[PDB]
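# Structural overview for review
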Amino acid sequence: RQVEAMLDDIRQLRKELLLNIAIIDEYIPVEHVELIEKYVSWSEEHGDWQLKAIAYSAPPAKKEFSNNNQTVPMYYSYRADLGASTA
Amino acid sequence: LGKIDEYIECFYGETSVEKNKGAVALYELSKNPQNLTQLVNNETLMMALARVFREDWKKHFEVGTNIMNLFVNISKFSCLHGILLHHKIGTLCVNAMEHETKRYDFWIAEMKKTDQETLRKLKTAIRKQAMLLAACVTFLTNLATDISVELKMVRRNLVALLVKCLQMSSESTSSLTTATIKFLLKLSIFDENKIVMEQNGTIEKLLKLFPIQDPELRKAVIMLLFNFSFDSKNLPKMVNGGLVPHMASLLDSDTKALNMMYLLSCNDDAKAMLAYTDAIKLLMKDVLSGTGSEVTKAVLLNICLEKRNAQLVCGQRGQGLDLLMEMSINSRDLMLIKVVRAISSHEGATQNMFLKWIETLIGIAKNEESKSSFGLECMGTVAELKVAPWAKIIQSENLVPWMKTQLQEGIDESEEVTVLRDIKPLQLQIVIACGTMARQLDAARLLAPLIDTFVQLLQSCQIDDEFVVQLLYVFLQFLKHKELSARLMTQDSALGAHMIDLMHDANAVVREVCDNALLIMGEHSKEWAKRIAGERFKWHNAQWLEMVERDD
Amino acid sequence: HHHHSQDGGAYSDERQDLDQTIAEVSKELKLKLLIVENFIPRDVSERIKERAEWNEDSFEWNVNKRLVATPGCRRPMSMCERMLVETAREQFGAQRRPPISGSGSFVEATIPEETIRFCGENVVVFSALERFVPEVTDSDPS
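Conventions used here
- Residues carry numbers counted from 1 along their chain as the sequence is written. These may differ from the entry numbering, and residues without coordinates are not shown.
- Chains and ligands are labelled by the order in which they are written, letters from A for the one and numbers from 1 for the other.
- The side-chain quantities take in all heavy atoms of the structure and omit both hydrogens and water.
- Residues with missing side-chain atoms are left out of burial classes, side-chain pairs and their counts.
- Counting from the N terminus, the helices are DSSP H or I runs at least four residues long and the strands are E runs at least two residues long.
- As a reference, a globule follows 2.2 Å times the number of residues to the power 0.38, and the radius of gyration itself is taken over C-alpha atoms.
- Buried residues are those whose accessible area, probed at 1.4 Å on protein chains only, stays under 20% of the maximum for their type, while exposed residues exceed 50% and partly exposed ones sit between those limits.
- Contacts are assigned to residue pairs with any non-hydrogen atoms lying within 4.5 Å of each other.
- The salt bridge definition used is simple: a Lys or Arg side-chain nitrogen within 4 Å of an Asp or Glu carboxyl oxygen.
- All axes are obtained by fitting lines to C-alpha atoms, using only the stretch in contact for helices, and the reported angles, taken between N-to-C directions, cover 0 to 180 degrees.
- Note on angle classes: values under 35 degrees are labelled roughly parallel, values over 145 roughly antiparallel, values of 65 to 115 roughly perpendicular, and the remainder oblique.
- Helix crossings get a hand from a simple test, with the near helix turned counterclockwise from the far one by less than a right angle marking a left-handed crossing and a clockwise turn marking a right-handed one.
- Three classes are used, and their members are as follows: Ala, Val, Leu, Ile, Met, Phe, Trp, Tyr, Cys and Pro are nonpolar, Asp, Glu, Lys and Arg are charged, and the others, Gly among them, are polar.
- Pairing of aromatic rings covers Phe, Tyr and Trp, the last through its six-membered ring, and needs centres within 6.5 Å; plane angles under 30 degrees mean stacked, over 60 mean edge-to-face, and all others mean tilted.
- Residue ranges labeled as domains rest on an automatic or database domain assignment.
- Patch members must show over 30% relative accessible area and no salt bridge, and they are joined within 9 Å when carrying like charges or within 5 Å when they are nonpolar side chains of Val, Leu, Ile, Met, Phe, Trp or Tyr.
- Areas reported here follow the Shrake-Rupley algorithm with a probe of radius 1.4 Å; residue values treat only the protein chains shown as occluding.
- The definition of a polar contact used here is a pair of N or O atoms within 3.5 Å, where within protein one atom must be able to donate a hydrogen and the other to accept one, and adjacent residues in sequence count solely through side-chain atom pairs.
- Nonpolar cores were defined as sets of buried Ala, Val, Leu, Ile, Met, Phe, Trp, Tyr and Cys residues, with membership established by side-chain atoms within 4.5 Å.
- Only a pair of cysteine sulfur atoms within 2.5 Å counts as a disulfide in this structure description.
- This arc is built from the directions going out from the helix axis to the C-beta atoms.

Header annotation of the entry names X-ray crystallography as the structure determination method and lists the resolution as 3.54 Å.

As structure tokens, this is what we get:
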């Protein structure tokens, strides 16, 4: 109980940091990380960094193919073929 | 004709039998058409007939059926319909059905709280009412030959009355069922009648009739369901309703049963249900015996899209399709080669059945509008297989020169004029066969001298996403082989630049296969992984890059 | 009694220097976490974190078919094929229906060439609805 939490915090934080560093090395390249490095500002009173963030629309729909070859009109109508309402 | 006034005076007698004796005599007189004009032109007769149908009918089903069948015999000829409509005869049947529906409901609610003798009395009354309503609806059906009077009757609540009459006789089928179903069949031609029909739940009431032994009711029900099944919604209602199993047995009996079974088999669940029916052997009976039909081969093509159906058609060892392919090749039947291609589309041990027909189908596909269609079907049958040796066939059949000749025909034309060519589908089948073939290393080394042709074709044909997808699938099958992997992964590869451009395409499948190749190209080359990651990051934070360039 | 090891780094055991190391690693973790958040999408981050294996002895992570088609059809059919099929279906929808009062008992149900050549399924196209015919005639006395 001498120094256990003080190194356990370092172990957990270094584990999370290695995970984040591994995923960012997996995704973003080596030049873009250097570009991001010079466009961020640390805050001592806020406790976080700051950058110019925004978003980070959508297609409506796609006319998918159909297999209903039965397109011949078939049903009739009293109100269209005979010109009279059914009420 | 010698005692017509005697029958009229019997109608004037206030006795139950004195009326019905003259009524049945008048009905047997109307049974012949010679004096039918003489009696329909008798004014005092039909007026008294309609009046006695109005008065003595509630308590007397013995006379209201005779005096209605007489009207049916009069309505058997259309030149007398004007003399019938000059009287209020048509309204009589509508009022009779409207009253007897509620009376049958009251009787069915009375049966649950009554003794035994009154129960038999109510049963006999329901039977006599069914005969009377059958005669009335048959008279209305014969009157409805004029669409004008049919619309005039539909103006009054009619389709609801017919659905009620169908629900009445839905249990104990009688002439009322056949007559009301024929009338609903005639009314289903129009849209408003179909809407009022299916709004009252007619499809389920029809599905709850099977099995039915009467051939006339069977044909009428299947034809009415045939009129119903041309809506997008009524087909699932019948498939989930169990219409398929008891209809599959009717394929050998009725004629409209096949017509309905095709429309059912257009749905996938109907194919899955027919997978466990005897009809799969019935179609193979009619196709192989030579007394086939276009609807039979069409439903057989729709059926073989299920794996169980293809396994059933294939037999146990190959003898099932060895006859079908022989009849397809010798008689040049395009429908049978379509069925064979649908059978070959399935993956599994069934493709070994096709191992004996590889060279023959390739030879048919090389030198063969119907001829080109048969060659396309054979090429698609050969392309679906992946268990074939391929390494042997690709050289024993000289596939490489022929594929290079076909793929190069139509090159350098701009897709605008040449993407609608007749040769285009065959090129797609050739690309699909090259992709299914290049997964083996020997076939890939044999197809190697075609990579430049694939690259030219990829830079050319771009308007259709599917051709690009199959070409990239062929390239992905090539990249996985270590012997030819580095051959395509040069630092300035045209395939790599094209995939980098296609990484941001509208189609999802094309970018899926594109990523499936890009993560292989970057696995064996660290620099390619850096270029791919740089392309991926410039398409998601490009707004930040633009805003920081505007800030500078 | 217990043995000993090295874990993953040689830090001091002071009450303040370890606090400074905690502050520094947390300050860097804030930046790395926000860079993971805003730039990398949820899909890629979830995939990499599910395909990552943390090491116990060492202090490191280790981050290690079927024919496809267009979004509509079952089998892969080309673009000219589907375009000809679509124009043929427009032609089928432009057909005139049979008259209400005419002899059209034969449903026939022909297979169009436009479907037998391109479509792999649903080739039969019906022409007209079934229509019941009443038994009536215009024949006077026989």
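On we go.
Here we take up the overall build of chain B. Helix and strand content of chain B: 38 helices and zero strands. Its C-alpha radius of gyration of 36 Å places chain B more than 25% over the 24 Å reference for a compact globule of 552 residues. Dimensions of chain B, computed from C-alpha atoms along their principal axes, come out at roughly 110 × 70 × 50 Å.

Glancing now at the environment of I147(B). Locating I147(B) in the fold gives a position in helix 10 (residues 147–155). Taking the relative accessible area as the measure of exposure, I147(B) reaches 21% and is therefore partly exposed. When residues no more than four places from it in sequence are discounted, the contact partners of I147(B) are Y78(A), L82(A), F190(B) and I100(C).

It is worth spelling out the pattern of salt bridges at this point. Scanning the entire structure with this criterion turns up 23 salt bridges over all chains. Its salt-bridge partner being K233(B), residue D231(B) comes within 3.5 Å of it at the nearest N-O pair. By relative accessible area, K233(B) is classed as exposed at 55%. In this structure, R74(C) and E121(C) form a salt bridge, with 2.8 Å as the shortest nitrogen-oxygen distance. Here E121(C) lies in the segment after helix 4 (113–117) and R74(C) lies in the loop between strand 2 (61–63) and helix 3 (79–93), a separation of 47 residues in the sequence. Given a relative accessible area of 43%, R74(C) falls into the partly exposed group.

Residue and element names in this part refer to chain B. Packing of helix 32 (residues 451–460) against helix 35 (residues 494–502) leaves a shortest axis separation of 11 Å and a crossing angle of 30°. The orientation of helix 32 relative to helix 35 falls into the category roughly parallel. The two elements helix 32 and helix 35 cross, and the hand of that crossing is left-handed. Across the interface between the two elements, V455, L458 and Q459 of helix 32 pack against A494, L495 and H498 of helix 35. Partitioning the contact of helix 32 with helix 35 into residue classes produces four nonpolar, two polar and no charged.

Tallying the contact residues gives 66 residues for chain B and 47 residues for chain C. Counted by class, the side of chain B that touches chain C contains 31 nonpolar, 19 polar and 16 charged residues.

What follows is about the interface of chain B and chain A. Many authors give the size of an interface as the accessible area that is lost as the parts come together. Chain B puts 30 residues into the contact, and the matching count from chain A is 24 residues. Residue assignment for the side of chain B that touches chain A shows that the elements contributing at least two residues are helix 10, helix 13 (191–199), helix 15 (215–228), helix 37 (526–537) and helix 38 (542–551) of chain B. The residue inventory of the side of chain B that touches chain A, partitioned by class, reads 13 nonpolar, seven polar and ten charged.

This paragraph deals with the packing of aromatic side chains. The geometry of an aromatic ring pair is captured by two quantities: the separation of the ring centres and the angle between the planes. Tallied over the entire structure, the rule returns 15 aromatic pairs over all chains. Judged by centre distance (5.1 Å) and plane angle (70°), the rings of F226(B) and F126(C) are edge-to-face. Highlighted residues: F226(B) in helix 15 and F126(C) in the segment after helix 4, drawn from two different chains. Seen in terms of ring centroids, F230(B) and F126(C) are 5.7 Å apart; in terms of plane orientation they differ by 80°. Their pairing is edge-to-face.

Partitioning chain C into domains gives domain 1 (17–63) and domain 2 (69–134). The centre of domain 1 of chain C, based on its C-alpha atoms, is set 60 Å off from the matching centre of domain 2 of chain C.

So, about a nonpolar patch on the surface. All names here are of chain A. On the surface, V3, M6 and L7 cluster together into a nonpolar patch covering about 190 Å² of accessible area. Secondary-structure assignment places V3 in the segment before helix 1 (5–27). Judged by relative accessible area, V3 falls into the partly exposed class, the value being 30%.

Bringing the side chain of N122(C) into the picture now. Among the structural elements, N122(C) can be located in the segment after helix 4. With relative accessibility at 8%, the residue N122(C) sits in the buried group. Within the local environment of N122(C), its side chain forms a polar contact with the side chain of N302(B), the two groups lying 3.1 Å apart. Other than its neighbours up to four places away in sequence, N122(C) contacts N67(A), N69(A), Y262(B), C266(B) and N302(B).

Take the nonpolar core next. Counting residues in hydrophobic clusters, the biggest one holds 215 residues, and the most contacted among them are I74(B), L225(B), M403(B), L472(B), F475(B) and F126(C). A per-element tally of this core places helix 9 (residues 116–143) of chain B first, with 13 residues. Core analysis: the next-biggest nonpolar cluster, separate from the first, contains 20 residues, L19(A), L34(C), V36(C) and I40(C) among them.

Moving on to the state of the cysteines. By definition, a disulfide links the sulfur atoms of two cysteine residues through a covalent bond. A complete count under the given rule lists one disulfide over all chains for this structure. Of the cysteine sulfurs around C79(B), a residue in no disulfide, the closest is that of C93(B), at 20 Å. Here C119(C) is not disulfide-linked; the sulfur of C73(C) is the nearest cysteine sulfur, at 10 Å. The class for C119(C) is buried, based on a relative accessible area of 0%.

What follows is about the packing of helix 1 of chain A against helix 1 (residues 17–38) of chain C. At a minimum axis separation of 9 Å, helix 1 of chain A and helix 1 of chain C run at an interaxial angle of 25°. Judged by the angle between their axes, helix 1 of chain A and helix 1 of chain C are roughly parallel. Of the two elements, helix 1 of chain A crosses helix 1 of chain C, and the hand of that crossing is left-handed. Along its contact with helix 1 of chain A, which presents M6(A), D9(A), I10(A), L13(A), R14(A), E16(A), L17(A), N20(A), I21(A), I23(A) and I24(A), the element helix 1 of chain C presents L18(C), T21(C), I22(C), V25(C), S26(C), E28(C), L29(C), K32(C), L33(C), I35(C) and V36(C). Of the residues that constitute the contact of helix 1 of chain A with helix 1 of chain C, the class distribution is 14 nonpolar, three polar and five charged.

In most cases, non-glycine residues show a negative phi, while peptide bonds are predominantly trans. All names here are of chain B. Backbone torsion omega between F210 and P211 reads -15°, so that peptide bond is classified as cis. If you trace the backbone, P211 turns up in the loop between helix 14 (202–207) and helix 15. Positive phi, close to 60°, is recorded for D412, a residue that is not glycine. Position of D412 among the secondary structure elements: in the loop between helix 28 (399–408) and helix 29 (415–418).

Turning our attention to helix 32 of chain B. Residue and element names in this part refer to chain B. Within the sequence span of helix 32, burial applies to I451, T453, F454, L457 and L458. Looking down the long axis of helix 32, one finds its buried residues gathered within 155° of arc, a one-sided arrangement. Where helix 32 is buried, its residues meet helix 28, helix 30 (424–437), helix 31 (441–447), helix 33 (465–479), helix 34 (482–488) and helix 35.

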